[PDB]
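> Have a look at this one.
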Amino acid sequence: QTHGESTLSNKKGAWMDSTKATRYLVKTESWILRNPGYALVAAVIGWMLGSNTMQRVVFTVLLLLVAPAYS
Amino acid sequence: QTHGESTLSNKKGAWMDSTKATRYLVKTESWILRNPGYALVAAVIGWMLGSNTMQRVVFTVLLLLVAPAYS
Amino acid sequence: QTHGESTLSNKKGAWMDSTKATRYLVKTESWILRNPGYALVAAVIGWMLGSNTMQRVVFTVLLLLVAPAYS
Amino acid sequence: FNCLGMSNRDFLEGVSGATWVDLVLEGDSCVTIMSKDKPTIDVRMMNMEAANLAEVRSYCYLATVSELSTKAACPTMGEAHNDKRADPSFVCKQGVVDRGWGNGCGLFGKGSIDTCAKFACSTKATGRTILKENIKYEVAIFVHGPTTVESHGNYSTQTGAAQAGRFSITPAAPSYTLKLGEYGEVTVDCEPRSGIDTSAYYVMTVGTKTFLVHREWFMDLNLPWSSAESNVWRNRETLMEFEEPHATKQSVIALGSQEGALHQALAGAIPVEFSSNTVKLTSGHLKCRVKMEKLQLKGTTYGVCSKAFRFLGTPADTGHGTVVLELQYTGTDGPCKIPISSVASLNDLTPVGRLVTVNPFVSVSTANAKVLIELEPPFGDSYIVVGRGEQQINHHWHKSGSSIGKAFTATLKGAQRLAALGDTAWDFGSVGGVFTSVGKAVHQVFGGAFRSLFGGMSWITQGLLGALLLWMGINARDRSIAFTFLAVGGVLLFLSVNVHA
Amino acid sequence: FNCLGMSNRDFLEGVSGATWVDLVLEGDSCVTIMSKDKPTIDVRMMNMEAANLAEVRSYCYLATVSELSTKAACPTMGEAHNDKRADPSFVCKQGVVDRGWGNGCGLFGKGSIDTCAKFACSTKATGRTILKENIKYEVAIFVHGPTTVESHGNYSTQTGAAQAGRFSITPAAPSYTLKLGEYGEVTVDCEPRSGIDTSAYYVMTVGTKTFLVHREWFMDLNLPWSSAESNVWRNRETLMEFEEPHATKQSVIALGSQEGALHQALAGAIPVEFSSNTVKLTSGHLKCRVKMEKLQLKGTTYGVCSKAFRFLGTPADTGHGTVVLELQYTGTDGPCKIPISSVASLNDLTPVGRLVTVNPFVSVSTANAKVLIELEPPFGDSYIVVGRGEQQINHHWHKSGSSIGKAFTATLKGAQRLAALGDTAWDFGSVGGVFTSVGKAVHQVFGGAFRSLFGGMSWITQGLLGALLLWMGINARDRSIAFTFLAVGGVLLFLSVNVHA
Amino acid sequence: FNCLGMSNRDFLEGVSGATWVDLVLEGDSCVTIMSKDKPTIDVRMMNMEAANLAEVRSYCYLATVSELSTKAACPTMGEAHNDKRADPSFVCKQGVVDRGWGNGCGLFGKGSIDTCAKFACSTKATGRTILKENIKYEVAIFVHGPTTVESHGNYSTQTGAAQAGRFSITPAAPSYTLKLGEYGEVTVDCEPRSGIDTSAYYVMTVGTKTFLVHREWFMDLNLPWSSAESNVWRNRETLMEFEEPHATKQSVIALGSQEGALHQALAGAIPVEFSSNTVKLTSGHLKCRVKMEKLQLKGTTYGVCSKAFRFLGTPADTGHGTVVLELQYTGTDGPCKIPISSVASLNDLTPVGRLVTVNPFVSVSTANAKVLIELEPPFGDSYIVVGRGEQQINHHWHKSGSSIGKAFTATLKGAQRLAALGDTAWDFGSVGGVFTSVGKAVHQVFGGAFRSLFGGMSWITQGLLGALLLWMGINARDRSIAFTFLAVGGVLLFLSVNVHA
Ligand SMILES: *[C@@H]1O[C@H](CO)[C@@H](O)[C@H](O)[C@H]1NC(C)=O
Ligand SMILES: *[C@@H]1O[C@H](CO)[C@@H](O)[C@H](O)[C@H]1NC(C)=O
Ligand SMILES: *[C@@H]1O[C@H](CO)[C@@H](O)[C@H](O)[C@H]1NC(C)=O
C-alpha cells in the first residue's frame with residue numbers, strides 16, 4: 001500500500017513526484033502488454049453484459065482495469 | 001508486479017506460499033476499512049448504471065475492486 | 001457444550017445417565033417459570049407470522065424454545 | 001463368562017449343515033448358540049483393553065495467577081505494552097482507563113493499559129489416544145456341560161473341566177481355537193481392528209476418573225490446553241479474569257476449579273478403567289464369526305441313569321424364555337445321561353420343549369450328584385419330567401406370554417440392536433444370506449446420509465424434528481415426499497425414545 | 001521573509017474601512033499586503049517546528065534469523081511443539097511433512113512439524129507523534145522600505161534596520177507585535193493549534209531521512225513492530241520465510257532489507273527535517289489575522305530628491321505583474337523621497353501604475369546610494385519615469401497580458417487554493433464579510449460529505465470516477481440528479497488534474 | 001528413490017501382454033507400475049540439474065549515489081547542461097528552480113538546472129538462462145524385491161542387491177538400461193529435451209537465495225539492469241531520488257536496498273539450489289517411456305516355505321490404499337516363497353486383495369529373516385493370512401473408504417494432473433491408442449487458446465471471471481454460448497480452487 005497524495009497543503013515536491021503519474025499505471029501497462037489476449041475477452045464480456053453503449057464501455061474498462069490489479 | 005503461480009508443475013511450495021491467499025487482498029481489505037464511505041458510492045453508481053440486477057451487482061463489484069487497486 | 005450420547009454401543013449407563021432427561025430442560029423450564037410474560041409474546045408473534053395452524057404452532061414452539069436457550 | 005444371570009441374552013438356532021455363524025459380541029451381553037446335534041455354547045466379550053496410550057492434548061481446569069504488573073499509557077499514545085509481554089508464563093490483556101492530571105497524565109481520555117500475570121497450571125486433564133495395534137478383546141466361550149449352581153459361575157472349575165475359556169483377540173491374532181475336553185474345539189474369527197472405532201475416541205482422565213470421550217468434543221473444549229511432551233499452555237485467558245482496569249494495578253485472579261464443570265460436561269461420556277497407561281472398557285462391540293464344525297457332544301456313549309432323581313430347589317425362569325433347575329441323582333451309576341424332557345401333559349410324555357443343556361448327564365460317580373439343567377418350555381402349561389415309571393419325578397411349570405409377544409419383543413430388540421450398532425447389526429446371527437448383504441448395503445447407504453444430516457442432535461431435538469416431519473408428511477400432497485417424511489420422522493422418534501429419556 | 005524572487009506570491013489589497021486582514025500563510029508561499037497611504041508588508045511563514053516528539057511505534061525492515069530448531073511429530077497424534085517456543089524472541093510455525101518407516105516414524109501420513117527461530121531486528125523505522133503544545137511556527141514580516149539588491153534578502157541588515165523580523169508563533173503566544181521603528185508596528189493573531197492538523201500525521205524516520213506520513217497509512221504497515229521503549233517485537237512472521245517442511249531441520253531465512261520497499265511506499269509522503277528529537281516542516285499553512293492599524297508610512301516628512309537618478313540595470317519582471325528596478329542617487333541631500341512613477345506615455349506624465357514600494361526614499365545621506373523599487377505597471381506599453389525636468393530618466397516597459405487573463409489566472413489560483421486548503425481558503429484575504437462566512441460553512445459541510453465519500457482515492461481513480469459521473473449526468477433524465485452528478489464529476493476531474501499527473 | 005513414504009504416489013496397472021508404458025515423472029512424486037507376471041517397479045525423477053548457466057541480465061537492487069554536482073542557468077540562458085552528460089556511470093536530470101536577484105541572477109523566472117550523480121551498484125540480482133544441452137534428470141528405478149524396513153530406503157543396500165539404481169537422463173543420452181541382478185533389465189526412453197521448458201524460465205539469484213523465475217516476468221522488472229558481463233547500467237533513475245531542486249546544490253540520494261521488495265515480488269517463484277554455476281531443481285516433470293520386455297520375475301522357481309512366520313510389528317496403511325508389513329521367517333529353508341495373501345474371511349481364503357510386492361520370498365538362508373511385504377487389501381474388513389494349516393498367522397485389517405470414493409479421488413487427481421501438466425498429462429499411463437492421441441491434440445489446441453486468453457491471471461481474478469461466466473451462461477438464451485460459458489467458467493473456478501487459496 002503506497003502512501004498517496006498528502007493533505008498537508010504542500011506547494012513543494014513530495015518524496016516521489018517523478019513517478020506520480022506512472023505509479024498507478026506501470027503494473028497495468030506491463031500486464032496488458034505481456035497478456036494482450038485478455039483485451040479481447042474483456043471486450044467480448046463487456047459487449048455481452050451491457051445493454052447500452054455506455055454500459056458496454058464501462059464494463060470493458062472496469063474489466064480491463066480489474067484484471068491486472070487483481071483486486 | 002509479483003511473480004505469481006509458476007508453470008513448472010511443482011508439488012512442493014513456492015517461495016511465499018503461506019501468503020498465496022492474502023497476497024492480492026491485503027491492500028483491498030485495508031483500503032475498504034479506512035474508506036467505508038466509498039462502498040455507498042460504488043453501490044449507488046452500480047445501481048444507477050446497471051438495468052438488471054446482474055448488471056448492478058457486477059458494476060458494484062467491479063467498482064469496489066477497482067477503487068482500492070487504483071490501476 | 002456437553003458431551004452427549006456416545007456412539008460406542010453401550011448397554012450400561014453413561015457418566016450422568018440420571019440427568020439424561022432433564023439435562024436439556026432445566027434451563028428452559030426455570031426460564032419459562034421466572035418470566036411467563038414471554039409466552040404471550042411468542043404466541044402472538046407465532047399467530048401473526050404463520051398463515052396456517054401448523055405454521056402458527058411451529059412458530060410458537062420455536063420462539064418459546066429459542067428464548068430460554070438464547071443461542 | 002456365560003449367559004446365566006444376564007439381562008441381555010440372545011439365542012441363535014444354528015441351521016443344520018451350516019458350520020459357522022456371524023456374531024456381534026456386544027459388551028455386557030451374551031449370545032447363546034444352539035445347534036441341532038451339537039452342544040450349546042455361550043459367547044461374550046468381557047472387555048477390551050488397550051495399552052501404550054499416547055497423549056494428544058492436556059487441558060487445565062485449575063490455574064494459578066500471580067506476579068501482577070500493569071503498564072499504563074497516556075491517551076492518543078497507542079496501546080501500552082507491559083515488560084512481561086514474553087511468551088513463557090505470562091498472559092496479558094489490553095484495556096482502557098480514565099487518565100488525567102490527577103492520574104499523573106498529560107491529557108484527558110481513555111488511556112490504554114496492559115497488565116500481565118503469571119499463569120501456572122495446578123491440575124490438568126490429560127487426553128490420550130488409542131493405537132489400533134494395542135487393542136485386545138477378551139472373549140469368553142462356555143459350553144453347557146455338567147455344572148452345578150456353585151460351579152456354573154466359577155471360572156476356575158469350568159477351566160479345570162475344560163468347559164470354558166477366556167482368551168485375547170488381538171489384531172495380530174484375530175482367530176483362536178479353544179480346545180475343550182471332549183466337546184471338540186471352538187474357533188472364533190473376530191474383527192478386532194474394526195470392532196470398536198477407537199479412531200473416534202480419546203481416553204480423557206479427569207482426576208481419578210477416566211472417560212472415553214469423542215474426539216471432536218474433546219478438541220472443542222474452551223480451556224487452556226498444552227501438548228504431550230510437557231508443552232507450554234495456550235488459550236490461557238479462559239481461566240484468568242481481569243477484574244477492573246486500573247491505572248497503576250489492575251487485579252487479575254484465576255477462576256475456580258473447573259473440575260465440576262468438566263464432570264458436568266462429560267454427561268454422555270462412558271467411564272472406563274485406566275491404570276499403568278492401559279485403558280479397559282466393558283462396553284462396545286466386536287463382530288466375530290464362530291466356527292463350530294469341530295464341536296461335538298460329550299456323553300453320548302453313556303446309558304440312561306436307572307435310579308431316581310430329586311428336585312433340589314425350585315426351577316427359575318431366567319427371563320429369556322428358558323428355565324433353569326437343579327437335580328440331585330441318588331444313585332452311583334457313574335457317568336450316565338439324565339432322562340429329562342419338557343412335555344405338555346403327563347399322559348403324552350412327548351418332548352415339546354427344547355433343552356438348552358443338550359445331552360445332560362451326571363459326570364461324577366458319587367452318591368449325590370447335583371446337576372444344573374436349562375430347558376426352554378413351551379408357552380403355557382407344561383411339565384418337566386425326569387425319568388419314567390416309578391422313578392419318574394414331575395414338576396409343573398407355567399410359562400407366561402405367547403408367540404406373538406415373543407415376536408414383538410424380538411423385533412423390538414432387533415430395532416434396538418440396529419439403532420445401537422447400525423450396519424454391524426445386520427451381521428448378527430448372519431450365515432451369509434443374500435438378503436443380509438443387500439440389507440447391510442442399503443443400511444450403510446441410508447445411515448451415511450442419516451448421520452450426515454442428524455449427527456450431533458440430542459434426544460429432544462431428534463424427537464421434535466421427528467414430530468415435525470411426521471406432521472409435514474401427513475399434511476403433504478405428493479405421496480413420495482409424504483412417505484419420505486413419515487419414514488424419517490418415525491426413525492427420529494424411535495431414536496429419541498430409544499434413549500429412554 | 002520577503003516575497004521577492006518567489007514563484008508563489010499573492011497580492012492582497014487593504015480595504016479603506018477595514019483595520020485588519022485575514023490570511024492563510026501557506027508554506028513556500030508569500031503574501032503581499034498593499035493598503036492606501038500605508039507601507040507595503042510581506043507576511044510569510046517560514047516553517048513549523050515541533051520539539052519533544054513522542055515515540056509511538058517502530059517498524060522493523062531488516063531482521064536477522066538464527067538459532068534454528070525443529071521438532072517433528074508422528075501422524076495421527078497431536079501437533080508438534082518445539083521447546084524453544086517457550087523462550088521469548090522466537091518465532092514458530094506449524095506445518096505438515098511426510099512421515100513413514102523411513103523417517104523413523106510408526107505411521108504413514110502428514111506428520112506435524114514445528115520450527116522456531118530467533119528473531120532479531122537490525123534497523124527499524126521509528127514513528128513519532130507531534131504534541132500540539134510543542135508546535136511553533138516561524139512567521140516573518142517584511143515591510144517594503146529602503147533596500148538594495150544585496151540587502152533585500154539579507155535578514156541581518158533588515159533586522160538591524162528594523163524593517164523585518166522572524167518571530168515564533170506558539171499556541172501559548174499566538175499573537176506578536178513586531179515593532180518597525182518609524183514604520184509603526186504590525187500585529188498578527190495566528191491560530192497555531194488549528195494551523196497544521198498534527199493529530200493526523202506521524203513523524204516517520206526511515207534510516208537517515210524523515211517523512212511526515214498519515215496515521216492511518218502508518219498503522220497499516222505489515223512489518224514487525226514494537227511499541228515505544230519496548231524491545232518485544234510483534235507480527236514478526238512477515239520478515240521471516242519458512243522454506244520447505246523437513247522432518248529433521250526446516251530451513252528458515254529472513255527476507256532482505258525492506259528499506260527500498262518503504263521508500264517506494266512513502267510515495268506521497270512529505271520529507272521533513274528531524275534533529276534533536278525535533279521536526280522542522282517547511283510545508284503546511286497557518287491562519288493569521290494581520291492588524292495594520294498602527295502601521296504608519298515612513299518618509300512622509302522628507303523632501304523630494306533634487307539631483308539625478310540612474311537605472312543600475314534593465315528593470316526585471318517578476319512574473320506576478322510587478323517590476324523591480326534598482327536606482328542610484330547621485331546627490332547627498334540626506335533622506336529624500338524618490339519621484340518615481342509609472343506613466344502610460346511620455347506626454348501624459350500622470351501616474352497610471354501602482355507602486356508596490358510605497359513612498360520610496362533614499363535612506364542614507366552619502367552619495368551613490370542604491371535603492372530597490374518595485375512597481376506595478378498597467379497592461380500594455382508604459383514608461384517608468386524617475387525625476388522631472390532635465391534630470392528626468394525614463395525606461396519603456398511592456399507588460400504582456402490583460403485584465404481578463406489576469407482574472408482567469410486569479411480564479412484558477414483561487415480554485416487551487418480551495419482544493420489545497422479546503423474551508424480554510426475562505427479565510428484568505430477575508431475582512432469578516434457575511435458572504436465569506438456562509439461560503440465557509442457551505443464548504444465545510446460539502447467538503448465533509450465529499451471527503452467521507454471520495455476519500456483515499458488517487459488521481460487516477462478520481463479522474464475515472466469523475467468522467468463516469470459526467471457521462472451519467474449528461475445522460476440523466478431528471479434535472480437535479482443530473483446537475484449533482486455534473487458538479488461532482490467536475491470537482492473530481494479538477495482534483496485529478498490539479499495533481500498535474 | 002522409492003515410493004514408500006511418499007505423499008504423492010500413483011499406481012499404474014499395465015494390461016496383459018503390454019511391454020511398455022508412457023510415464024510423466026513429476027518431481028516429489030512417485031509412480032508404481034504393477035504388471036501381471038512381472039515384478040513391481042518404482043520409477044521417479046529425483047532432481048533436474050543444469051550446469052554451465054549463461055548470464056543474461058543482472059538487475060541492481062542496492063545502488064550508491066556519489067559525486068554530486070549541479071549546473072544552473074538563468075531563466076533566459078536556455079537549458080542547463082552539466083559536463084557529466086559525456087561521462088557514463090553518471091545519471092543526470094534536468095529541473096527548474098525559481099531564480100532572481102537574490103539567487104545571483106539578473107532576471108526572475110524558472111531557471112533550468114541539471115544535477116548529475118555517479119551511479120554505482122553494490123549488490124546485483126543476476127539472472128541466468130538454462131542451456132538445453134546441459135540439463136540432466138536424475139531418475140531412480142526400484143524393483144520390489146526382498147527388503148527389510150531398515151534397508152528399504154538404503155540406496156547402498158539396494159544397489160548392492162541390484163534392486164535399485166540412480167541414473168542421469170541427458171538430451172545426449174536420453175535412454176538408460178538399468179541392469180538388475182535376476183529381475184532382468186529395465187530401460188527408459190525419456191524425453192529430457194521436452195520435459196522442462198527451459199526457454200521460459202531464468203535462474204535468478206537474489207542475495208543468498210536462488211529462484212526459477214518466469215522469463216517474461218524477469219524482463220519486465222523495473223530496476224537498473226546491465227547486460228551479460230557488462231558494467232553499462234540502464235534505467236538507473238529508478239533507484240535514485242532527486243530531491244527538491246536547488247539552485248546551487250540539489251541533493252540526490254539512493255533508495256534503500258530493494259532486496260526485500262524483490263523477495264516479495266518473487267511470491268510464486270520456485271526456489272532452487274545454486275552452487276558452482278549449476279542449478280538443481282527438485283520440481284518439474286519428465287515425460288518418459290519405461291520398457292519392461294527384459295523385466296522378469298525373480299524367485300518363481302523357489303519352493304514354498306514350510307516353517308511358520310510371525311508379525312514383527314503392526315502393518316501400516318501407506319495412505320494410498322496399500323498396506324506394508326514386516327514378517328520374520330522362523331526357518332532356514334533359504335530361498336523360499338512366502339504364502340501371504342489378503343482374504344475376506346478365514347473360511348473361503350480366496351485372494352480378494354492383490355500384492356504390490358509380487359512373488360515375495362525369503363532371500364537369505366539365516367534363521368530369522370525379516371521381509372517387508374506391501375499388499376493392497378480390499379475395502380472393508382479383511383485378513384492378511386501368511387501360510388496355511390497349523391502354522392498360518394492371520395492379521396485382521398480394516399481398510400476405510402469405498403470404491404466410489406476411490407473413483408472420486410482418482411478423478412480429482414486426474415483433473416489436478418491435467419491442470420498441472422496440460423497436454424503432457426495424457427502421456428501419463430499411456431500405452432498408445434487413438435483416444436489418447438486425439439484427446440492430447442484437442443487438449444493442446446484448447447489449452448493454447450485458454451492460455452492465450454487467460455494466461456497471466458491469479459486465482460482471485462480466475463475465480464471472479466469463472467463466476468461471472470457461469471452467471472452469464474445460466475442466463476444465456478442460446479444453448480451453444482451457454483454451454484461454452486459454463487465450460488469456461490467451470491475450468492476457471494477449478495483452476496482458482498486447485499491452488500487451495
Ligand atoms: C471356585 O472353586 C474353587 C474350588 O472349589 C474355590 O477354591 C474357589 O473359591 C471358587 N471360586 C469362586 C469365585 O467361587
Ligand atoms: C549580510 O550582510 C553582512 C554584512 O552587513 C554579511 O556579513 C553577511 O554575510 C550577509 N548575509 C548574507 C546571507 O549575505
Ligand atoms: C546402509 O547400510 C549400510 C550397511 O548395512 C550401513 O553402513 C549404512 O549406514 C546404511 N545407510 C543408511 C542411510 O541407512
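Order determines the names: the first chain of the C-alpha cells is A, the second B, and so forth; residues in each chain are numbered 1 upward, and ligands are numbered 1 upward as they are shown.
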Can you work out which residues from chain F touch chain A at a cut-off of 7 Å (counting only C-alpha atoms) and hand them back as a list in words?
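The complete set of qualifying residues is residues 220, 244, 452, 453, 454, 455, 456, 460 and 461 of chain F.
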> Could you list, as a PyMOL selection string, every residue within 12 Å of residue 59 (chain B), counting only C-alpha atoms and ignoring same-chain residues fewer than 5 positions away?
(chain A and resi 46+49-50+55-63+66) or (chain B and resi 41-54+64-66) or (chain F and resi 468)
> Can you list every residue of chain F that has an atom at most 10 Å from ligand 3, with its nearest atom pair and the distance in Å to one decimal, using only C-alpha atoms and all ligand atoms, ordered by chain then number, as JSON lines?

{"residue": "F:150", "atom": "CA", "partner": "ligand 3", "partner_atom_place_in_ligand_line": "14 (O)", "distance": 6.8}
{"residue": "F:151", "atom": "CA", "partner": "ligand 3", "partner_atom_place_in_ligand_line": "1 (C)", "distance": 6.6}
{"residue": "F:152", "atom": "CA", "partner": "ligand 3", "partner_atom_place_in_ligand_line": "14 (O)", "distance": 9.0}
{"residue": "F:153", "atom": "CA", "partner": "ligand 3", "partner_atom_place_in_ligand_line": "14 (O)", "distance": 7.3}
{"residue": "F:154", "atom": "CA", "partner": "ligand 3", "partner_atom_place_in_ligand_line": "12 (C)", "distance": 4.9}
{"residue": "F:155", "atom": "CA", "partner": "ligand 3", "partner_atom_place_in_ligand_line": "1 (C)", "distance": 7.0}
{"residue": "F:156", "atom": "CA", "partner": "ligand 3", "partner_atom_place_in_ligand_line": "1 (C)", "distance": 5.6}
{"residue": "F:157", "atom": "CA", "partner": "ligand 3", "partner_atom_place_in_ligand_line": "2 (O)", "distance": 5.4}
{"residue": "F:158", "atom": "CA", "partner": "ligand 3", "partner_atom_place_in_ligand_line": "1 (C)", "distance": 8.7}
{"residue": "F:160", "atom": "CA", "partner": "ligand 3", "partner_atom_place_in_ligand_line": "2 (O)", "distance": 9.5}
> Go ahead and save the picked residues with C-alpha atoms, as a short mmCIF file (atom, residue, chain, number, x, y, z; two decimals), in the first residue's frame.

data_model
loop_
_atom_site.label_atom_id
_atom_site.label_comp_id
_atom_site.auth_asym_id
_atom_site.auth_seq_id
_atom_site.Cartn_x
_atom_site.Cartn_y
_atom_site.Cartn_z
CA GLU F 150 15.75 -50.78 7.72
CA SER F 151 17.10 -51.48 4.21
CA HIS F 152 14.09 -50.46 2.11
CA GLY F 153 15.28 -46.85 1.78
CA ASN F 154 19.03 -47.55 2.00
CA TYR F 155 20.25 -46.87 -1.54
CA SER F 156 23.63 -48.52 -0.91
CA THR F 157 21.96 -51.74 0.24
CA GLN F 158 19.52 -51.74 -2.68
CA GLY F 160 24.45 -53.99 -3.51
#
> Please run DSSP on the backbone and report, as a PyMOL selection string, all residues within region 137-362 of chain E that come out as strand (DSSP E or B).
chain E and resi 137-143+164-170+173+175-180+184-190+201-206+209-214+225-227+234+240-242+252-254+270-275+278-281+285-291+295+303-304+309-311+316-317+323-329+336-337+340-343+351+354-355+361-362
> If you fit chain D onto chain E using every C-alpha atom, paired in order, what RMSD in Å do you get?
0.5 Å
> Starting from chain E, keep only residues with some atom at most 12 Å from an atom of chain D, counting only C-alpha atoms, and report them as a PyMOL selection string.
chain E and resi 53-58+71-92+106-107+127-133+199-200+202+215+219+225-234
> Got time to write the residues from that selection, C-alpha atoms, as a tab-separated table (two decimals), in the first residue's frame?

chain	number	residue	atom	x	y	z
E	53	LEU	CA	8.37	14.24	19.77
E	54	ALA	CA	6.88	11.17	21.45
E	55	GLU	CA	7.71	7.76	20.00
E	56	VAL	CA	4.66	5.71	19.03
E	57	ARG	CA	5.64	2.58	17.09
E	58	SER	CA	8.84	1.35	15.44
E	71	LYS	CA	10.75	-30.82	16.31
E	72	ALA	CA	8.69	-33.42	14.46
E	73	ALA	CA	5.59	-35.38	15.47
E	74	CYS	CA	4.13	-38.69	14.37
E	75	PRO	CA	0.93	-38.61	12.28
E	76	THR	CA	-2.39	-39.38	13.96
E	77	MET	CA	-1.01	-37.60	17.04
E	78	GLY	CA	-1.06	-34.10	18.49
E	79	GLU	CA	0.59	-31.12	16.87
E	80	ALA	CA	4.33	-30.65	17.28
E	81	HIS	CA	5.62	-28.01	19.69
E	82	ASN	CA	9.27	-27.03	19.92
E	83	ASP	CA	10.90	-26.38	23.29
E	84	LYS	CA	12.26	-23.03	22.08
E	85	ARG	CA	8.65	-21.86	21.74
E	86	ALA	CA	8.70	-21.22	25.49
E	87	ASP	CA	11.71	-18.93	25.21
E	88	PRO	CA	10.86	-15.36	24.13
E	89	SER	CA	12.15	-13.75	20.93
E	90	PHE	CA	11.39	-16.95	18.98
E	91	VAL	CA	9.00	-17.20	16.03
E	92	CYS	CA	7.47	-20.64	15.48
E	106	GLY	CA	5.48	-45.50	13.08
E	107	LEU	CA	2.65	-44.47	10.77
E	127	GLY	CA	7.35	6.64	14.12
E	128	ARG	CA	6.82	9.63	16.39
E	129	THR	CA	3.80	11.80	17.17
E	130	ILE	CA	3.62	15.58	17.42
E	131	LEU	CA	2.36	17.06	20.69
E	132	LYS	CA	0.19	20.06	19.84
E	133	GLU	CA	1.68	22.02	22.76
E	199	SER	CA	-3.17	14.85	15.01
E	200	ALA	CA	-3.40	13.23	11.55
E	202	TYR	CA	3.26	10.76	12.22
E	215	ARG	CA	-1.51	7.97	10.74
E	219	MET	CA	-0.71	1.83	11.24
E	225	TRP	CA	6.59	-3.51	15.01
E	226	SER	CA	7.31	-2.73	18.65
E	227	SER	CA	5.77	-0.17	20.97
E	228	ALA	CA	7.59	2.82	22.44
E	229	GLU	CA	10.55	1.98	24.69
E	230	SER	CA	9.97	-1.75	24.11
E	231	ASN	CA	12.19	-4.46	22.63
E	232	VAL	CA	9.40	-7.03	22.25
E	233	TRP	CA	8.54	-7.34	18.56
E	234	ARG	CA	5.15	-8.37	17.20
> For chain C versus region 249-266 of chain D, which residues have an atom no more than 7 Å away, and what is each residue's nearest atom pair and distance in Å rounded to one decimal, using only C-alpha atoms, chain-then-number order, as CSV?

residue,atom,partner,partner_atom,distance
C:1,CA,D:265,CA,6.4
C:2,CA,D:265,CA,4.2
C:3,CA,D:266,CA,5.2
C:15,CA,D:266,CA,6.8
> I'd like the contact shell of region 381-394 of chain D - 6 Å cut-off, only C-alpha atoms, skipping same-chain residues fewer than 4 positions apart - returned as a PyMOL selection string.
chain D and resi 308+339-344+398
> Could you name the residues that touch region 287-290 of chain D at 10 Å or less, counting only C-alpha atoms, but leaving out those on the same chain fewer than 6 positions away, as a PyMOL selection string?
(chain D and resi 19-26+33+43+45+139+169+174-177+186-196+424-425+427-431) or (chain F and resi 345-347)
> If DSSP is run on the backbone, what residues of region 89-314 of chain E are helix (DSSP H, G or I)? A reply as a ChimeraX atom specification would be ideal.
/E:155-160,192-195,198-200,215-218,259-265
> I'd like the neighbourhood of region 320-334 of chain E as a list in words, where a residue qualifies if any of its atoms comes within 7 Å (using only C-alpha atoms), though same-chain residues fewer than 4 positions away should be ignored.
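What passes the distance filter is residues 305, 307, 308, 309, 310, 311, 312, 313, 315, 316, 364, 365, 366, 367, 368, 369, 370, 371, 372, 373, 374, 375, 376 and 377 of chain E.
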> So the first atom is CA of residue 473 (chain D) and the second is CA of residue 450 (chain D); what is the distance between them in Å, to one decimal place?
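According to the coordinates, CA of residue 473 (chain D) and CA of residue 450 (chain D) are separated by 17.7 Å.
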